[PDB]
Structures are given as C-alpha cells and as structure tokens.
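**Student:** The structure is given below, and queries will be raised subsequently.
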Amino acid sequence: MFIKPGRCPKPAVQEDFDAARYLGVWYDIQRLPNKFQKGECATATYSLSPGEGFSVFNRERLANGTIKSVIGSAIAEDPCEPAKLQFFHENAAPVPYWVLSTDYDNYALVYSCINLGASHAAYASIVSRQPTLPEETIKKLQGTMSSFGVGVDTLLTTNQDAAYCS
Ligand SMILES: C=CC1=C(C)/C(=C/c2[nH]c(/C=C3N=C(/C=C4\NC(=O)C(C)=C4C=C)C(C)=C\3CCC(=O)O)c(CCC(=O)O)c2C)NC1=O
C-alpha cells in the first residue's frame, strides 16, 4: 500500500552540505518498503551536471535476475538549504530528497516525505560508499529516523552479497 496516515514531518538536514563531495556510488544498506524498489543490490550513482544539481542513475537487480534502472536529476530549489534537493524523473512530479546526515566518505541518511492530503508516502535509505556499513553507524542513523516517525522495525535490510549482485 505504502500510503500512511498523517502528513510529513520537517526533519533537520545537513547544514554544510557540499553536493560535489556527495557524488559517485552509494550502496543501499537499509530502506523503507516502497513502490519502485522491488529488487536487491540497489546502488545510486551521482554524476557531474552542468547546472546547480547532479544527474541520478539508480540501479537494482529484480528476483528474476533482470537489471532495472532509472535516470533523474537532484537540484536544491533554495541554495540557502543545499541539503533539501528535489528528485526529477520522467514525467513525474518532483519528490523531496533531503540529506539528513552524511560524512560524504562513509554514510548518508536520505529522507523523502510526499504529502497525499491527509496521508503521506515516505522514502528513507541508509546508504554507504561500501556494500556494508558498521552496525554502530546504522544504530545512530536508525536513532535519527525513529525521532521523526519512521519505525526502524519496518526497514528492509538490502541484499548486497557479491554472489547475487556481481
Ligand atoms: C530516500 C530517498 C529516496 C527517494 C527520493 C526515492 C525515490 C525514487 N526512487 C526511484 C527509483 C529507484 N530508486 C532506487 C534506488 C535508490 N533511490 C535513492 O534515492 C537511493 C539513495 C537509492 C539507493 C541507493 C532504485 C534502484 C530505483 C529503481 C527502481 C526500479 O525501477 O525497479 C524513483 C522513480 C520510480 C520509477 O520511475 O521507477 C523515485 C521517485 N527513493 C529513495 O530511496
């Protein structure tokens, strides 16, 4: 279903966010169950764009062994708030992409809440520069998540095993 009652929180974001340090490959460690991501081995690649934002290439492996991917764009509508991006894909309405925390080199926590009148749709990933992330880092980030109405108990652990994902 993925539609949940109540409207979105406005969590705090990475205040000093440098999109240039955020570029390259990020691996999905944990994610909320959502509509689009039906697979495993989920990676996001962020690329140089002429403009203010960056180009997005998201990639996953489905249960039948097929690779499915999407291209989009992430751009901060307010350069006072550079961690509040909007994600543009296809014909779609932009969805928020909020970097709540990153050290650029190890981890990020990303959130997107879509308001649907009285209900909402939430995306939340813990990502890593590696296919794994220390259980301490995941605990801290899960801690941030619980503080704005995400249930850590809903989080999928993403399969990043080279034997399936190669
Ligand atoms: C928390 C933020 C977050 C947002 C804003 C989000 C949105 C989002 N992810 C999508 C696809 C996707 N999203 C991902 C992966 C990712 N997406 C990411 O933002 C990140 C960090 C990864 C993983 C590292 C994948 C693999 C797809 C393709 C799904 C498919 O087509 O099978 C789509 C397009 C749907 C489509 O056309 O199929 C949207 C709008 N998902 C998220 O996780």
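Starting from 1 in every chain, residues are counted up; chains themselves are A, B, ... following the order of the structure tokens, and ligands are numbered from 1 as listed.
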Tell me which protein, DNA and RNA residues are within 12 Å of residue 149 (chain A), counting only C-alpha atoms, leaving out same-chain ones fewer than 2 positions away, and put them as a list in words.
**Tutor:**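 My list of contacting residues is residues 4, 5, 6, 7, 8, 9, 10, 11, 111, 113, 120, 122, 124, 142, 143, 144, 145, 146, 147, 151, 152, 153 and 154 of chain A.
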**Student:** Report as a list in words: the residues of region 10-48 of chain A with a DSSP assignment of strand (DSSP E), based on the backbone of this structure.
**Tutor:** residues 24, 25, 26, 27, 28, 29, 30, 31, 40, 41, 42, 43, 44, 45, 46 and 47 of chain A
**Student:** Quick check for you: according to DSSP on this backbone, which residues of region 1-164 of chain A are classed as helix (DSSP H, G or I)? Reply as a ChimeraX atom specification.
**Tutor:** /A:135-146,162-164
**Student:** Would you mind reading off the distance between atom 37 (O, counted along the ligand's line) of ligand 1 and CA of residue 127 (chain A), one decimal, in Å?
**Tutor:**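 Distance between the two atoms: 19.5 Å.
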**Student:** Dump the neighbourhood of ligand 1 as a PDB file with N, CA and C atoms, in the first residue's frame: all residues within 7 Å, distances computed on only C-alpha atoms and all ligand atoms.
**Tutor:**
```
ATOM      1  N   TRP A  26      26.830   5.168  -4.141  1.00  0.00           N
ATOM      2  CA  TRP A  26      26.267   4.903  -2.796  1.00  0.00           C
ATOM      3  C   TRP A  26      25.503   3.592  -2.849  1.00  0.00           C
ATOM      4  N   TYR A  27      25.660   2.766  -1.817  1.00  0.00           N
ATOM      5  CA  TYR A  27      25.032   1.436  -1.737  1.00  0.00           C
ATOM      6  C   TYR A  27      23.902   1.503  -0.712  1.00  0.00           C
ATOM      7  N   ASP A  28      22.757   0.925  -1.043  1.00  0.00           N
ATOM      8  CA  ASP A  28      21.590   0.885  -0.135  1.00  0.00           C
ATOM      9  C   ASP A  28      21.893  -0.177   0.925  1.00  0.00           C
ATOM     10  N   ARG A  31      16.362   0.493   3.789  1.00  0.00           N
ATOM     11  CA  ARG A  31      15.311   1.288   3.108  1.00  0.00           C
ATOM     12  C   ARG A  31      13.929   0.917   3.672  1.00  0.00           C
ATOM     13  N   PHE A  36       8.614   1.363  -5.971  1.00  0.00           N
ATOM     14  CA  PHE A  36       9.533   1.306  -7.141  1.00  0.00           C
ATOM     15  C   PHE A  36      10.598   0.230  -6.930  1.00  0.00           C
ATOM     16  N   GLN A  37      11.160   0.154  -5.720  1.00  0.00           N
ATOM     17  CA  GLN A  37      12.296  -0.749  -5.383  1.00  0.00           C
ATOM     18  C   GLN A  37      11.770  -2.144  -5.029  1.00  0.00           C
ATOM     19  N   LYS A  38      11.664  -3.029  -6.029  1.00  0.00           N
ATOM     20  CA  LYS A  38      11.171  -4.424  -5.890  1.00  0.00           C
ATOM     21  C   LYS A  38      12.337  -5.423  -5.888  1.00  0.00           C
ATOM     22  N   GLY A  39      13.588  -4.955  -5.788  1.00  0.00           N
ATOM     23  CA  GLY A  39      14.789  -5.779  -6.033  1.00  0.00           C
ATOM     24  C   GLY A  39      15.802  -5.684  -4.907  1.00  0.00           C
ATOM     25  N   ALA A  42      20.813  -2.652  -4.659  1.00  0.00           N
ATOM     26  CA  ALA A  42      20.408  -1.279  -5.036  1.00  0.00           C
ATOM     27  C   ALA A  42      21.590  -0.337  -4.815  1.00  0.00           C
ATOM     28  N   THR A  43      22.002   0.336  -5.891  1.00  0.00           N
ATOM     29  CA  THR A  43      23.037   1.399  -5.905  1.00  0.00           C
ATOM     30  C   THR A  43      22.440   2.684  -6.492  1.00  0.00           C
ATOM     31  N   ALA A  44      22.851   3.830  -5.962  1.00  0.00           N
ATOM     32  CA  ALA A  44      22.641   5.153  -6.592  1.00  0.00           C
ATOM     33  C   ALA A  44      24.014   5.698  -7.023  1.00  0.00           C
ATOM     34  N   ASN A  58      19.996   5.353 -10.701  1.00  0.00           N
ATOM     35  CA  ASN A  58      19.640   4.338  -9.687  1.00  0.00           C
ATOM     36  C   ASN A  58      19.522   2.985 -10.392  1.00  0.00           C
ATOM     37  N   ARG A  59      20.053   1.924  -9.788  1.00  0.00           N
ATOM     38  CA  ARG A  59      20.220   0.561 -10.381  1.00  0.00           C
ATOM     39  C   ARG A  59      19.868  -0.479  -9.306  1.00  0.00           C
ATOM     40  N   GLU A  60      19.065  -1.480  -9.657  1.00  0.00           N
ATOM     41  CA  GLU A  60      18.797  -2.644  -8.785  1.00  0.00           C
ATOM     42  C   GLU A  60      18.679  -3.910  -9.631  1.00  0.00           C
ATOM     43  N   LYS A  68      17.076  -3.443 -13.584  1.00  0.00           N
ATOM     44  CA  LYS A  68      16.169  -2.302 -13.859  1.00  0.00           C
ATOM     45  C   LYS A  68      16.787  -1.036 -13.260  1.00  0.00           C
ATOM     46  N   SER A  69      16.792   0.050 -14.036  1.00  0.00           N
ATOM     47  CA  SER A  69      17.460   1.326 -13.698  1.00  0.00           C
ATOM     48  C   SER A  69      16.585   2.525 -14.042  1.00  0.00           C
ATOM     49  N   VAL A  70      16.873   3.659 -13.429  1.00  0.00           N
ATOM     50  CA  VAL A  70      16.181   4.954 -13.682  1.00  0.00           C
ATOM     51  C   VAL A  70      17.228   6.065 -13.648  1.00  0.00           C
ATOM     52  N   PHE A  87      14.010  15.567  -6.477  1.00  0.00           N
ATOM     53  CA  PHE A  87      14.406  14.498  -7.408  1.00  0.00           C
ATOM     54  C   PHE A  87      13.410  14.526  -8.559  1.00  0.00           C
ATOM     55  N   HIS A  89      12.356  12.824 -12.140  1.00  0.00           N
ATOM     56  CA  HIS A  89      12.420  11.671 -13.073  1.00  0.00           C
ATOM     57  C   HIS A  89      11.261  11.768 -14.062  1.00  0.00           C
ATOM     58  N   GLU A  90      11.464  11.253 -15.282  1.00  0.00           N
ATOM     59  CA  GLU A  90      10.440  11.018 -16.341  1.00  0.00           C
ATOM     60  C   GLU A  90       9.451  12.196 -16.418  1.00  0.00           C
ATOM     61  N   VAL A  95       9.846  14.757  -6.252  1.00  0.00           N
ATOM     62  CA  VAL A  95       9.733  14.307  -4.838  1.00  0.00           C
ATOM     63  C   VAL A  95      10.910  14.904  -4.076  1.00  0.00           C
ATOM     64  N   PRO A  96      10.771  15.207  -2.760  1.00  0.00           N
ATOM     65  CA  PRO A  96      11.909  15.682  -1.986  1.00  0.00           C
ATOM     66  C   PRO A  96      13.011  14.610  -1.915  1.00  0.00           C
ATOM     67  N   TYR A  97      14.250  15.080  -1.844  1.00  0.00           N
ATOM     68  CA  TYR A  97      15.464  14.316  -1.494  1.00  0.00           C
ATOM     69  C   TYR A  97      16.194  15.204  -0.503  1.00  0.00           C
ATOM     70  N   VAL A 110      19.157   9.523   3.853  1.00  0.00           N
ATOM     71  CA  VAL A 110      18.272  10.284   2.946  1.00  0.00           C
ATOM     72  C   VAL A 110      16.832  10.002   3.340  1.00  0.00           C
ATOM     73  N   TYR A 111      16.030  11.052   3.270  1.00  0.00           N
ATOM     74  CA  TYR A 111      14.588  11.022   3.529  1.00  0.00           C
ATOM     75  C   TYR A 111      13.875  11.759   2.410  1.00  0.00           C
ATOM     76  N   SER A 112      12.685  11.271   2.091  1.00  0.00           N
ATOM     77  CA  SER A 112      11.694  11.913   1.208  1.00  0.00           C
ATOM     78  C   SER A 112      10.324  11.625   1.800  1.00  0.00           C
ATOM     79  N   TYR A 123      10.009   7.835   1.889  1.00  0.00           N
ATOM     80  CA  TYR A 123      11.207   7.069   1.480  1.00  0.00           C
ATOM     81  C   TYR A 123      12.312   7.473   2.449  1.00  0.00           C
ATOM     82  N   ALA A 124      13.116   6.492   2.816  1.00  0.00           N
ATOM     83  CA  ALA A 124      14.196   6.657   3.801  1.00  0.00           C
ATOM     84  C   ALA A 124      15.196   5.545   3.520  1.00  0.00           C
ATOM     85  N   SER A 125      16.426   5.915   3.166  1.00  0.00           N
ATOM     86  CA  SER A 125      17.529   4.945   2.981  1.00  0.00           C
ATOM     87  C   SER A 125      18.704   5.308   3.877  1.00  0.00           C
ATOM     88  N   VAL A 127      22.516   4.671   3.306  1.00  0.00           N
ATOM     89  CA  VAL A 127      23.460   4.346   2.194  1.00  0.00           C
ATOM     90  C   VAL A 127      24.908   4.378   2.678  1.00  0.00           C
TER      91      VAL A 127
END
```
**Student:** Find, counting only C-alpha atoms, the residue in A:150, A:85, A:114, A:104 that gets nearest to residue 32 (chain A).
**Tutor:**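 Under the stated criterion, the closest residue is A:150.
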**Student:** A:138, A:126, A:118, A:1: which is nearest residue 34 (chain A), counting only C-alpha atoms?
**Tutor:**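 Under the stated criterion, the closest residue is A:1.
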**Student:** I'd like to know which of A:166, A:137, A:115, A:132 is closest to residue 101 (chain A), using only C-alpha atoms.
**Tutor:**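 Using only C-alpha atoms, the shortest distance to residue 101 (chain A) belongs to A:137.
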**Student:** Could I get the residues of region 48-82 of chain A with an atom no further than 10 Å from an atom of region 18-23 of chain A, each paired with its nearest atom pair and that distance in Å to one decimal, using only C-alpha atoms, sorted by chain and residue number, as CSV?
**Tutor:**
```
residue,atom,partner,partner_atom,distance
A:48,CA,A:23,CA,7.7
A:52,CA,A:19,CA,8.9
A:53,CA,A:19,CA,7.4
A:54,CA,A:19,CA,7.7
A:55,CA,A:23,CA,9.4
A:56,CA,A:23,CA,9.6
A:74,CA,A:19,CA,9.7
A:75,CA,A:19,CA,9.5
A:76,CA,A:19,CA,9.6
A:82,CA,A:18,CA,7.6
```
**Student:** Could you check which of A:165, A:83, A:116, A:71 is closest to residue 102 (chain A), using only C-alpha atoms?
**Tutor:** A:83
